[PDB]
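Here's the structure we're looking at; comments come further down.
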Amino acid sequence: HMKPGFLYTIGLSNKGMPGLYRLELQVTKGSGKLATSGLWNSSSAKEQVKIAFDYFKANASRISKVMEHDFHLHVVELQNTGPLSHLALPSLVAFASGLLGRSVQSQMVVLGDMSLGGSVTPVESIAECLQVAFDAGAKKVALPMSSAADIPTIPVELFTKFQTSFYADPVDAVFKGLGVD
């Protein structure tokens, strides 16, 4: 499929516009250092990626040691929408994919986000995000469980275009994005 540590995500930009982004995480031999690029000089994006990396360090046993590798997360803005406001959960998925050397499911977009407390949050404007996902050729989507309540907000022609999986927590999100749960 795709290179491990690479994944597509779709989310509302800082200006409220749905956009498609590609996370490109590189893993090397190191000490556990997180470097970032493409974060638009945004302290908010950096803090989100940091929350993701902290959760990664704290729960990497449930998925191997991050302290023996160095990570560089580049973020590619594919549709000129600005900074992505929902980066924690996609970054966690990209971190775990990079570590385990497992590729994210082919033609899948990961949607949703993660709070500091470690709970997943429903996709913001899921109808618009999935419209972007369909227009971008995505075939599968991984969604937070709560977003099921928003299924009736999505036009049925659009929602039934996807093969959809649901995750209950960040680790479950990792397993759904890699294709093993």
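Can you say whether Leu116 is touching a helix residue (DSSP H, G or I) at 6+ places or on another chain (Cβ under 8 Å), within 30 Å of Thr153 (Cβ to Cβ) and not charged (D, E, K, R), as far as the supplied structure shows? The answer is yes for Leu116. Scanning the range 63-91 for residues that are buried (at least 16 other Cβ atoms within 10 Å of the Cβ) and part of a helix (DSSP H, G or I) yields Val66, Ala88, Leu89, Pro90, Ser91.
Among the residues making up the range 123-135, those that are on the phi < 0 side of the Ramachandran plot and surrounded by 15 or more Cβ atoms within 10 Å (Cβ to Cβ) are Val123, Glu124, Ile126, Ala127, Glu128, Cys129, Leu130, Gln131, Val132, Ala133, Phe134. Residues in the range 32-41: is at least one under 15 Å from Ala142 (Cβ atoms), hydroxyl-bearing (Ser, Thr, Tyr) and surrounded by 15 or more Cβ atoms within 10 Å (Cβ to Cβ)? No, that holds for no residue. Here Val104 qualifies as in contact with a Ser or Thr (Cβ under 7 Å, 6 or more places away or on another chain), closer than 14 Å to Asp172 by Cα and among the aliphatic types (A, V, I, L, M). Checked against (1) surrounded by 19 or more Cβ atoms within 10 Å (Cβ to Cβ); (2) under 14 Å from the mean Cα position of the chain (by Cα); (3) under 23 Å from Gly179 (Cα atoms); (4) not hydroxyl-bearing (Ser, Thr, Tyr), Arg22 passes all but condition (1).
The number of residues in the range 136-165 being closer than 14 Å to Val109 by Cβ and touching a strand residue (DSSP E or B) at 6+ places or on another chain (Cβ under 9 Å) comes to 13. Looking across the range 11-52, the residues that are within 21 Å of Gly118 (Cβ to Cβ) and not β-branched (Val, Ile, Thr) come down to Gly11, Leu23, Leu25, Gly32, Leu34, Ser44, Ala45, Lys46, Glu47, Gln48, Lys50, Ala52.
Only one of the numbered conditions (1) closer than 30 Å to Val66 by Cα; (2) surrounded by 15 or more Cβ atoms within 10 Å (Cβ to Cβ); (3) among the aliphatic types (A, V, I, L, M) is not met by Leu116, and that is (2).
Since every read-out is calculated from the coordinates, none of them should be taken as a lab result. Neighbour counts are summed over all protein chains in view; Cβ atoms, including those assigned to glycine, are modelled from backbone coordinates with ideal geometry.
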